[PDB]
Amino acid sequence: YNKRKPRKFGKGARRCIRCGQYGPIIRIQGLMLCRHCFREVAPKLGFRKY
Amino acid sequence: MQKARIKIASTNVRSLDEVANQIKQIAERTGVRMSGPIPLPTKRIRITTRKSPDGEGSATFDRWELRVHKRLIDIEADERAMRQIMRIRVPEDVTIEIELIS
Amino acid sequence: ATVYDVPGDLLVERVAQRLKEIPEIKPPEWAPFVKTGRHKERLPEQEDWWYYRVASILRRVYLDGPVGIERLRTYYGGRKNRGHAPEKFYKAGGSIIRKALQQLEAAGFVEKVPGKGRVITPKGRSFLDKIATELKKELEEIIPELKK
Amino acid sequence: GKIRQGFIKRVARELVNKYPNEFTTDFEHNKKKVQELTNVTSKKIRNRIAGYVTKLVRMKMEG
Amino acid sequence: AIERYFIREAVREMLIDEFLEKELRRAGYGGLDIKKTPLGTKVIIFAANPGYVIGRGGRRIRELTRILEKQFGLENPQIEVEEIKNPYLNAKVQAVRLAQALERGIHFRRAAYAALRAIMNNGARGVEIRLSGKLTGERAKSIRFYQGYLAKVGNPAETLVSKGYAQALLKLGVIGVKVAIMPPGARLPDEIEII
RNA sequence: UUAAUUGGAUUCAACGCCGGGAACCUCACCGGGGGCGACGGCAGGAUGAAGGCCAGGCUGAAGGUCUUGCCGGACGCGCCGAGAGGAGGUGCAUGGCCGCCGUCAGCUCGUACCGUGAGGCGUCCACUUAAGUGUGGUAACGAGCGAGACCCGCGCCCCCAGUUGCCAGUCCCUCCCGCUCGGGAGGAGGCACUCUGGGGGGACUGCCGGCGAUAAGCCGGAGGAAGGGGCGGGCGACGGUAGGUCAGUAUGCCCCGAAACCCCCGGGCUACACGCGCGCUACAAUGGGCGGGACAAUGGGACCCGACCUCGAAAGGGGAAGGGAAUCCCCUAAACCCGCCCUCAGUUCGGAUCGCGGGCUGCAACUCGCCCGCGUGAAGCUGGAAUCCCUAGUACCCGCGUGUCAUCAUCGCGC
Numbered sequence: 001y002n003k004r005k006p007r008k009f010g011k012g013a014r015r016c017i018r019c020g021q022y023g024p025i026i027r028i029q030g031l032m033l034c035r036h037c038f039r040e041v042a043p044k045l046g047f048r049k050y
Numbered sequence: 001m002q003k004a005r006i007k008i009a010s011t012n013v014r015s016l017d018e019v020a021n022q023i024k025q026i027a028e029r030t031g032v033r034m035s036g037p038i039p040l041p042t043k044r045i046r047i048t049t050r051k052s053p054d055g056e057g058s059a060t061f062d063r064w065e066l067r068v069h070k071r072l073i074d075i076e077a078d079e080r081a082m083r084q085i086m087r088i089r090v091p092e093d094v095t096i097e098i099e100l101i102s
Numbered sequence: 001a002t003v004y005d006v007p008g009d010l011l012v013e014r015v016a017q018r019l020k021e022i023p024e025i026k027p028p029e030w031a032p033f034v035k036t037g038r039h040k041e042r043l044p045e046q047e048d049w050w051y052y053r054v055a056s057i058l059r060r061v062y063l064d065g066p067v068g069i070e071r072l073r074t075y076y077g078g079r080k081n082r083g084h085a086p087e088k089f090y091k092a093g094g095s096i097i098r099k100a101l102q103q104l105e106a107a108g109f110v111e112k113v114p115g116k117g118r119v120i121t122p123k124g125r126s127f128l129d130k131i132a133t134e135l136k137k138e139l140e141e142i143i144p145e146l147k148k
Numbered sequence: 001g002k003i004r005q006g007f008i009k010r011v012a013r014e015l016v017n018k019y020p021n022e023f024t025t026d027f028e029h030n031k032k033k034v035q036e037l038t039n040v041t042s043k044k045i046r047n048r049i050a051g052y053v054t055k056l057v058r059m060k061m062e063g
Numbered sequence: 001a002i003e004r005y006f007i008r009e010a011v012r013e014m015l016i017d018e019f020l021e022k023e024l025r026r027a028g029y030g031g032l033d034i035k036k037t038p039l040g041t042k043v044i045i046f047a048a049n050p051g052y053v054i055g056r057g058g059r060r061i062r063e064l065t066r067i068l069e070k071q072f073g074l075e076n077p078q079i080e081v082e083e084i085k086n087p088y089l090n091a092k093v094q095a096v097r098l099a100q101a102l103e104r105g106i107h108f109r110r111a112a113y114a115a116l117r118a119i120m121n122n123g124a125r126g127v128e129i130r131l132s133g134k135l136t137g138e139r140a141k142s143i144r145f146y147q148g149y150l151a152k153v154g155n156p157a158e159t160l161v162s163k164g165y166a167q168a169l170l171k172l173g174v175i176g177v178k179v180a181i182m183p184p185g186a187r188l189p190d191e192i193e194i195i
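Residue numbers (the numbering used here), protein chains in the order written: chain A, 1 to 50; chain B, 1 to 102; chain C, 1 to 148; chain D, 1 to 63; chain E, 1 to 195.
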């Protein structure tokens, strides 16, 4: 009864792996991170501003 | 006749050129016809994100780009030549895929 | 001379008037009541519009070689207004072009390469380039520069 | 926004003081000499130094 | 897919980076590096006190060797621990060191000045230390101590200046410190030498 | 207004903002049921469970609970400490982040000098720059950040190498046609142009003349593919706004602890006499309809791109090649012109608005998806004071694609 139902679709299925929010999860080739968390890991991922 | 198609891919251009030079030197020192490194279309992964951490503020956005570059090396089949591409010192970021074509 | 040396409009008109005679090509009983495309707003006006479709579709098989139904739908698609929402590009109907292709395939002008498309038989090429060189003769007389 | 930057106006004076005879009024010549004499990697600043030393050498003989 | 694999391996490496930063706050965790061979993932880690990472009898590292093979799904993490050559040349290491210093009841002006003098003593060139938070009252304040050359704008600063952000916990609150270190080895593009 | 339209935010700098994702989830809102409580102290203990388990009934639901009767073998919870958690709260209690004064043109340091001092110059003045950009005088001289420099991409040329590209030339082979001139297409084989990308050059107030102190730098000129911050950006320092963000991350403080905990579901977050903002379209003869044709491009694709065979109007179904990226697909762009039809009308504009019947998705969309076709056709037929912004591949205007993502955006992004 204390289990969360199994969802493959919708926001409740997708969660950011770092922060844990249920909101903005960019999935370009499988990142699983929130949109703002993406900035605190930008330069470790190899990304560079141009 | 048989050819080996070697696809090298990396982010830093210098590592890719290093491995290309090593492959070219090895192919010429082994005396094997090699089709020179053909620089394939670099893939440009572009991501846009709003810089505002909240719903307050002017709408400012930032675009970040990965330029992942790739090269193609078509060499002729030679076992003595194929024994000297597994011993090459490969930088970590460089990925090499070596297939065979009739 | 070939279709490539002549305008598309005049050549499709010639193929349409010529193929109107052939009995294997005919508009089905549901053709006069169903518009040529989803995106279309009104019904077709002229009653020859079926044969024109055939006159065009075979020309497509003359140019692209293997052709299927979905790509034909995308090509014949067009812009439809969505009321308060903006105009959008939509695909056309599929059954009409599918029936036209089947009628031409029974006509021997086109054939099916399964897993690659519908291609054009040598006889279809002969008929199309015959009409095209007919038109090229006529337009050479009208326009001498086409001799070049 | 023409103005030649300060550190260019500083570099060129020393460059032409040490090797005055080396430079002439030709822009490509003085540019190659700047390239071989200095360690600039930016083509643009190389050519800017070349332009300023071109003008400087031009003024050397006017008075 | 190449695009589905480069990003996946990078994000896993950086999740490990964050996880070890969390686990190695006391060890002066300075840097990480990953190599892949068929034997497995050679995990190189540079820390300011390798003995602290080893701990006693290699008990601690062994435990870490467990987490990596269960938490992150890696194939034979082979962990090797080393020392940073000049910890005063790394922004992150000195940032964490100053955070630990201020967490030890050490006065902000004194500790910041001492760290700045030490880093200047190690052969660095440019030092910047911004301290933010409640420092001399209930209100919050920010104060910056800098020494030497440091151009903060341009591509060179992105490439030559090491940045490090640390946060220091205290009963009154959490104090931010930003440490920017410019080594002497780098060269600004406006530096042309005659011969 | 409602039980609910959760909440944050207030003019510039909120108001297609958080929302780059309300059918359940999102949730932090309303109703209902159900169940958690770490570990110490005391008590029980095991003589059997704390968990499920029917026959059935009170529960929308389930050993939830209830009469019921068992296990599975073994620690469960009652109170004080006090937990785990909290989108429970306090953003003049913070860190960071974002916003604007603002990529602005400024802000600083050593000594010396003036001043009893709060403090002054340097940092001032003339010319000039996008820029504390540089130059002549100056009680000052040196020096740092900022802007510049720097980095990214773009067009002119060339080397290196090509399973991108072709009646470039094209013996040989294949197909069709012709006026026999040749036309077009493939293989053979080649690497020719762009192309993809490893480098370098060119291009730089370079020169003519004038202006300007002859300086800085400016104007006009020519030559050059491109010229006097080459084009657009990344890079916005010192403080201020006690701006917003503890409803995300770290977190000051306080508060609940069968709750201020958690789980499940019905609804709400979409509710309207309404005010305001922003995008989309409708306010035709440029026009609506049939048919032909010149056309890209950013990127993406594995339960996916899905070509393609076949059936069904159709949304789609059965099969199905190729594809994890210059190899296959998304693939069509759209704008445009013409062969033709309609004849200045709230209509052949325009579809809202209803009801019908089909399609996709998902446990399910009436609150709460769209599309496919059918009778139906609103208002709108050029809109006051006043009113915001762009200035050359630019305004205007026209579309493609994709992020998030089954669907939802008329949105944002970027082509």
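For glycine and all other residues, C-beta sits at the position ideal for the given N, C-alpha and C.
*Who are the near neighbours of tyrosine 88/E in its chain, counting only those whose CB is closer than 7 Å to its CB and skipping five residues on each side?*
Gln94, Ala118, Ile119, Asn122, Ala124
*How many Å lie between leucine 98/E and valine 177/E at the Cα?*
8 Å
*Could you check which residue in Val54/C, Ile97/C, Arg118/C has the C-alpha nearest to that of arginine 18/C?*
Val54/C
*DSSP beta-bridge partners of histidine 69/B*: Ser10/B
*So, do the region 76 to 86 of chain C and the region 128 to 140 of chain C have three or more beta carbon pairs nearer to each other than 8 Å?*
no
*Please check if any C-beta of chain A sits within less than 7 Å of the C-beta of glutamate 65/B.*
yes
*At 9 Å on the CB atoms, spell out the chain E contacts of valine 68/B, in chain order.*
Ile2, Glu3, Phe6
*Is the number of C-beta pairs between the region 138 to 147 of chain C and the region 64 to 82 of chain C that are closer than 8 Å three or more?*
no
*asked:* I'd like to know if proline 91/B contacts chain A, where contact means its C-beta is closer than 7 Å to some C-beta of that chain.
replied: no
*Measure the C-alpha to C-alpha separation of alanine 1/E and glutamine 35/D and round it to an integer number of angstroms.*
45 Å
*Could you name the residues of the region 152 to 174 of chain E whose beta carbon sits closer than 7 Å to any beta carbon of chain B, in the order they occur along the chain?*
none
*asked:* Which residues in chain E have a C-beta closer than 9 Å to the C-beta of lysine 43/B? List them in chain order.
replied: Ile2, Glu3
*Mark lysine 33/D as exposed unless 16 or more other C-beta atoms lie within 10 angstroms of its C-beta, in which case mark it buried.*
buried
_Just to check my reading of the structure: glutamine 2/B and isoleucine 88/B have Cβ atoms closer than 8 Å, yes? What is that Cβ distance to the nearest angstrom?_
Actually they do not touch by this definition, with Cβ atoms about 21 Å apart.
_Rounded to the nearest angstrom, what separates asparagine 39/D and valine 11/D at their Cα positions?_
12 Å
_Positions along the region 8 to 22 of chain D whose CB lies within less than 8 Å of some CB in chain E_ = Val11, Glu14, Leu15, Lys18
*Throw me the rounded Cβ distance for the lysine 7/B and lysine 70/B pair, which I believe falls under 8 Å.*
6 Å
*Taking the alpha helix (DSSP H) that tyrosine 51/C falls in, what are its first and last residues?*
49 to 64
_Within 7 Å of any Cβ in chain A, is that where the Cβ of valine 11/E sits?_
yes
_Is the separation between the beta-carbon of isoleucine 7/E and that of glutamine 29/A shorter than 7 Å?_
yes
_Less than 7 Å between CB atoms is the rule here; does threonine 95/B satisfy it with respect to chain A?_
no
_For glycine 23/A and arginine 15/A, the rounded distance between their alpha carbons_ = 7 Å
*Report yes or no: do the region 73 to 85 of chain E and the region 31 to 44 of chain E share at least 3 C-beta pairs separated by less than 8 Å?*
yes
*Leaving aside the five residues before and after residue 186/C along the sequence, list all residues of the same chain whose C-beta is less than 6 Å from its C-beta, in chain order.*
Only positions 1 to 148 of chain C appear in this structure, which leaves residue 186/C out of reach.
*6 Å CB neighbourhood of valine 19/B in its chain, flanking five on each side removed*: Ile8, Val94
*Taking 7 Å as the CB-CB limit, is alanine 4/B close to chain E?*
no
*Would you tell me roughly how many angstroms separate the C-alpha atoms of residue 132/B and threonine 48/B, rounded to the nearest one?*
Because chain B is modelled from 1 through 102, residue 132/B falls outside the range shown and cannot be assessed.
_Suppose contacts are defined by Cβ-Cβ distances below 7 Å. Is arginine 58/D in contact with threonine 25/D by that definition?_
yes
*Output, in chain order, the set of chain E residues within a Cβ distance shorter than 7 Å of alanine 9/B.*
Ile2
*Cα separation between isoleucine 85/B and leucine 100/B?*
14 Å
*What three-state label does DSSP hand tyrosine 5/E in the structure shown?*
helix
*In three-state DSSP terms, what is residue 74/D?*
Absent from the structure is residue 74/D, since the part of chain D shown begins at 1 and ends at 63.
*Where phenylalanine 89/C sits in the DSSP three-state scheme*: strand
*Which of the three DSSP states, helix, strand or coil, is assigned to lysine 24/B?*
helix
*Indicate whether at least one CB of chain B lies closer than 7 Å to the CB of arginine 14/A.*
no
*chain A contact residues for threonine 60/B, given Cβ-Cβ distances below 8 Å*: Result: empty, since nearest Cβ-Cβ is about 12 Å, beyond 8 Å.
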